[PDB]
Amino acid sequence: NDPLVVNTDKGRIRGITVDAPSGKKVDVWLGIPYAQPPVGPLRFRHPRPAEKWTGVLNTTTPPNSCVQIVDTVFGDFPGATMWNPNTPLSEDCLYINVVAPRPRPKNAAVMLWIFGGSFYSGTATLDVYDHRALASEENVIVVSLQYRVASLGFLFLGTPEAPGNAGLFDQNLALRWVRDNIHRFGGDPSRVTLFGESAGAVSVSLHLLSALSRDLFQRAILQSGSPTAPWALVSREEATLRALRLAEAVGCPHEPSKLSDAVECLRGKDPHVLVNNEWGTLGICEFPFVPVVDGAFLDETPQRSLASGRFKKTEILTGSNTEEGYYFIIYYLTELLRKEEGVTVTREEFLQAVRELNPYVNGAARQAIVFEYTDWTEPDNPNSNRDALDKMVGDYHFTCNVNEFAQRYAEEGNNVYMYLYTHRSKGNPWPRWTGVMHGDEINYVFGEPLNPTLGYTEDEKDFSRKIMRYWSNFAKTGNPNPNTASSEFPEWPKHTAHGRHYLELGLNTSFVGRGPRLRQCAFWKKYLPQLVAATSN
């Protein structure tokens, strides 16, 4: 009997034994199909499941990446190219990857990765997401999936041939494949933990809401993303306009009254032409094609689900990084924050940035933001004014939404674990002033420091082992803490509805705090909305 041949519910498949960078060995199945290719008449539409096949399908090659724009802003800068697709771009992209430890488990916990990329970019095949270290060091099945992104994943016109959320129905279908099949690979299908970062975290949080995903997994890890983030969803009316603008931009009919003509033309366009024409006039952290409230995957806004307690009763682990804003500002204010060492911002530049980064609020709101984000010890300090820019973008679009979601989960009686990630890698290629940006924790979550061909210190390797152990303890039990309390493994306390404790994740630290950033988050969530209402006659 060939332990690498597996009889899935649609056919037999053959995997392959390979080495993790550490030397430990894992079994691997790459590019398992879970849907019909979403091509031709099927573009923009929800996935159909895969047709049965005869024989043995060799599932040993990393799959196609879904069509998306490629980032060339900084040339071959490694900090940017690590997020670009590393396999051929194709609409034929609906595949899953399974990576199992050796020897093969019987009922192991299953960690299912959903990649981020602001819903317009990303792929499960990235080297930074390599599954071999995590599976082999922690004894879990690691699963990853492709899902459609950008307008191919999220075009919405409010018609059956453009119903929205195709990329989310892709993820749901993959979740169903995992529950139907993962036991054949040594995983317990009742022990699936979803984890994802940024738009992948938003995606995970939406599976905590949807009635269609409710029974498809056990618990969730949400790295720097939450469904109350203002970029996370778009209204149905605005999505419809954005789709029609895309149709115009590529030469298609775009009349609100004859939506059939517009969809049909869009289905005939080259896919690269579509994703390369999506980017109109949008503010920072506004992405053109994102989830909507459609009626079937979600039938109410996330804020209404949270207010009413309509979400899955389970544990969650979630957290933020210290410099969440810079990554997005570096690409948006390219004259102000050049990607050079020693950048600073003058007071007059900061005041101009506040208007550009908050383009929708009135005069009174901007002053409040200025007051809230000024260092009153030294108002004109050019470092303080640069850091203020990161914090106001990072608080509003990231940190404060994670806090909000973790709060509601905790108020409703669920165990919550909250982190603030503060480690900057010794080999970080970005300018020193960028600090700990969006996504930096991913390398450590997937155990990349254990790769002996890379430059990580021994301290960083221990750190990555600590983090993988927290993450996988949580998947295995719902609690990141070990049984025997360690010197290397600090205690990670629950984030209670009233304590709101969080654990700082870093090299030489076990600091537990509150929040984080409760005051700035109250500014955005409580003070500023009532001031906008008061001054909008």
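From 1 onward, residues are counted along the sequence shown.
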property	result
Higher-scoring stretch by recorded Cα B factor average, 320-328 or 247-255	247-255
77-85 set against 257-265, stretch whose average Cα temperature factor tops the other in the entry	257-265
Top Cα B factor in the deposited entry, candidates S384, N277, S224, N107	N107
Residue of maximum C-alpha B factor among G167, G455, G413, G439, per deposited coordinates	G455
Where the record places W433 (Cα B-factor, split into thirds across the chain)	middle
Chain-relative CA temperature factor third for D188	highest
Third assignment of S472 from its chain's C-alpha B-factors	middle
Modelled-residue ranking by C-alpha temperature factor, third containing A50	highest
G40 - which third its CA temperature factor falls in, relative to the rest of the chain	lowest
